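Please read the structure below before turning to the comments.
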Amino acid sequence: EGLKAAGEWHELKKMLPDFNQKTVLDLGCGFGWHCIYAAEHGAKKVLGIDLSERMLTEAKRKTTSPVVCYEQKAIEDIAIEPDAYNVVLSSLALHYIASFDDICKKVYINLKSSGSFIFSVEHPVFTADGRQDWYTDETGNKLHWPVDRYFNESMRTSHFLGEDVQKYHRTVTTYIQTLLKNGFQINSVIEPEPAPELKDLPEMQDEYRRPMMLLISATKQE
Amino acid sequence: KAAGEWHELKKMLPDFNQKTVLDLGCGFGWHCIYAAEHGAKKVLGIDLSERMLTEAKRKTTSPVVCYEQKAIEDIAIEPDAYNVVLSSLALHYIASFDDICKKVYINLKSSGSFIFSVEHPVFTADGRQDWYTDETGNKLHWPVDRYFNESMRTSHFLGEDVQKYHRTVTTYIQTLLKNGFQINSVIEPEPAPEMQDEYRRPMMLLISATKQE
Ligand SMILES: [Cl-]
Ligand SMILES: [Cl-]
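Line by line, the protein sequences give chains A and B. Counting the first sequence from 1 gives a position; my numbering is that position plus 4. Reminder that position 69 of the second sequence reads as 52 in my numbering, one-by-one numbering, no gaps.
In structure tokens form, the structure reads like this:
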């Protein structure tokens, strides 16, 4: 879980613009890694938004810069602040949001002219079937990755003891077309392979077989 | 599959009026006839097969449209000559999509479009190009494997090898981007018998792109 979170960051870093004197919004900031990074690369103002109080306490403990503020808030509830941001970021968060269209409308408004919108979601191929796991035989070999219901843009629920995880499946089309119809230009679309530091690692070998993540960089056009 | 490809591709097509068009893998020439009657000043359609190009010239009336017997990878370098380049279900049979992009960029005018369709990476990844079935032949789900393994996919029939090249969604999009195209539209079509199972996995990938200078 932390292994492929490093695989996300490696590709995401190469998408990032220069942060000097930029105003940054981080949707689903967690422990505030992107907010810290932005600050120490010269951002004038960073807002980190997350739902978990536990995570924001750890974020504020890890953040020294007076440039960064944190707020407990749902991503669907972000404030309308027209033209306030140079860049909006979101790492592994938007596949938990029901209307990606609403998020794009709000990000568009909140961004200045030629503002940046860079995000990563769990891949449509990862979420399509719903089981979010390998197809296995009797001995337990991962035979292949199952894909089903690809055009059923609906909730995907998974069950653990005491937890209910709720995600929303969307197609590659929907992510790209939603950005385009909302006035964004597509700069990059990447499906990350494992980071070159951990490409040898035995557990990372199944990650070449199906994509786990979708990363997209987009620019506001008026 | 073929008619379903057209329905969605038609929607991507620009105004053809006094546009110079190139159709790659033109088959029986459907796009070439379409463009000519929608006001194109000049159209060139190419195909490898002589049998299909015989039928193509047979069912074509307009003198705006010329045909040649030529493979896609051997298209002529003609700088700033075309307004629009089309390719329907053809580029997944070509090894270097980068090479096609380099030539199409050069052959297009400013703000000219490159519109194409291929078999979707999810259809081509595993290589078996078929459902996973149990012992009684229920179609269980569609199998994905070796997604980032970008190489040949061969299928065998009596008397023929079929050779396709598997590429990722990244590859198609990032290659267009690095060769100076702007992405205008990316669509994975659904259809409008055994079309019943087609809503379950994507079969085709359609991209519309514009030349940027
Ligand atoms: Cl949406
Ligand atoms: Cl290529």
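We put the beta carbon where it would ideally sit given N, CA and C, even for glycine.
Proximal residues of chain B, C-beta to C-beta of residue i below 7 angstroms
i	result
A:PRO215	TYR130
A:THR175	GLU171
A:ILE180	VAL169
Selected residue, minimal CA-CA separation from residue i, among the options
i	options	result
B:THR137	B:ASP128, B:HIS149 and B:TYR130	B:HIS149
A:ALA102	A:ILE180, A:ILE79 and A:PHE123	A:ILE79
B:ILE166	B:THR193, B:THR151, B:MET187 and B:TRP125	B:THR193
B:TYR17	B:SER168, B:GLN195, B:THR107 and B:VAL48	B:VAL48
B:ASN66	B:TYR182, B:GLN146, B:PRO172 and B:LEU5	B:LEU5
B:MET186	A:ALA9, A:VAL50 and A:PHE155	A:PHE155
A:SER56	A:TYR139, A:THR140, A:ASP210 and A:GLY34	A:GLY34
B:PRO46	B:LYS25, B:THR37, B:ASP63 and B:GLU61	B:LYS25
B:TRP114	A:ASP152, A:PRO21 and A:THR27	A:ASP152
B:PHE164	B:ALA175, B:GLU171, B:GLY142 and B:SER191	B:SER191
A:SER120	A:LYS77, A:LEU93 and A:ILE180	A:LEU93
B:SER168	A:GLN181, A:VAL176, A:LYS116 and A:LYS77	A:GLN181
B:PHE(-1)	B:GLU173, B:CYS15, B:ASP109 and B:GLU(-12)	B:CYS15
B:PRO(-3)	B:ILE83, B:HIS21 and B:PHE106	B:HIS21
B:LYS2	B:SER100, B:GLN52 and B:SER94	B:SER94
B:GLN146	B:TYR155, B:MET135, B:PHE140 and B:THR154	B:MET135
B:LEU123	A:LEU96, A:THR140 and A:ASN145	A:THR140
A:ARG135	A:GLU15, A:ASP54, A:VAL125 and A:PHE164	A:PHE164
B:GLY8	B:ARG34, B:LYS(-6) and B:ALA19	B:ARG34
B:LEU188	B:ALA73, B:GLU102, B:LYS(-16) and B:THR44	B:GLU102
A:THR68	A:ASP87, A:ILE53, A:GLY36 and A:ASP81	A:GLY36
B:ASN162	B:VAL105, B:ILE83, B:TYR182 and B:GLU181	B:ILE83
B:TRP(-11)	B:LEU27, B:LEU72 and B:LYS92	B:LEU72
A:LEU16	A:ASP204, A:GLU195, A:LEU202 and A:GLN209	A:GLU195
Ligand 1 heavy atom lying under 8 angstroms from the CB of residue i
i	result
A:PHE121	no
B:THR107	no
residue 234 of chain A	Chain A is shown only over 5 to 226; residue 234 of chain A falls outside these bounds and no answer can be derived.
Residue i: CB within 8 angstroms of a non-hydrogen atom of ligand 2
i	result
B:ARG150	yes
B:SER79	yes
B:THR154	yes
A:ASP168	no
B:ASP30	no
B:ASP82	yes
Minimum Cβ-Cβ distance from residue i to chain B less than 9 angstroms
i	result
residue 272 of chain A	Chain A is shown from 5 up to 226; residue 272 of chain A falls before or after that span and cannot be answered.
Cross-chain neighbours of residue i in chain A, by beta carbon under 8 angstroms
i	result
B:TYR148	Those within 8 angstroms of B:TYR148 in chain A number zero; the least Cβ separation is about 17 angstroms.
Residues that residue i contacts on chain A, provided the C-beta gap is smaller than 7 angstroms
i	result
B:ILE166	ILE190
Where residue i meets chain B, residues with beta-carbon distance less than 8 angstroms
i	result
A:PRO150	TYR115, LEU123, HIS124, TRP125, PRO126 and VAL127
A:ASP105	Those do not exist, as A:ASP105 stays about 16 angstroms from chain B at its closest Cβ, beyond 8 angstroms.
Residue-level contact to chain A via CB, residue i, 9 angstroms cutoff
i	result
B:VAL105	yes
B:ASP109	yes
Minimum Cβ-Cβ distance from residue i to chain E less than 9 angstroms
i	result
B:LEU160	Going by chain labels, chain E is absent from the structure shown, which instead holds the protein chains A and B.
message = Threshold first: 3 residues or longer. Then list the beta strand (DSSP E) segments lying entirely within the segment 70 to 132 of chain B, N to C.
response = 91 to 102 and 122 to 127
Length at least 4, wholly inside the segment 38 to 63 of chain B: the alpha helix (DSSP H) runs in chain order = none
ask   = For the segment 158 to 209 of chain A, which segments carrying the alpha helix (DSSP H) assignment without a break, of at least 4 residues, lie completely within its bounds, in sequence order?
value = Correct list: 176 to 185.
query = Going along the chain, which unbroken runs of the alpha helix (DSSP H) with 4 or more residues stay wholly within the segment 7 to 66 of chain A?
reply = 37 to 44 and 57 to 66
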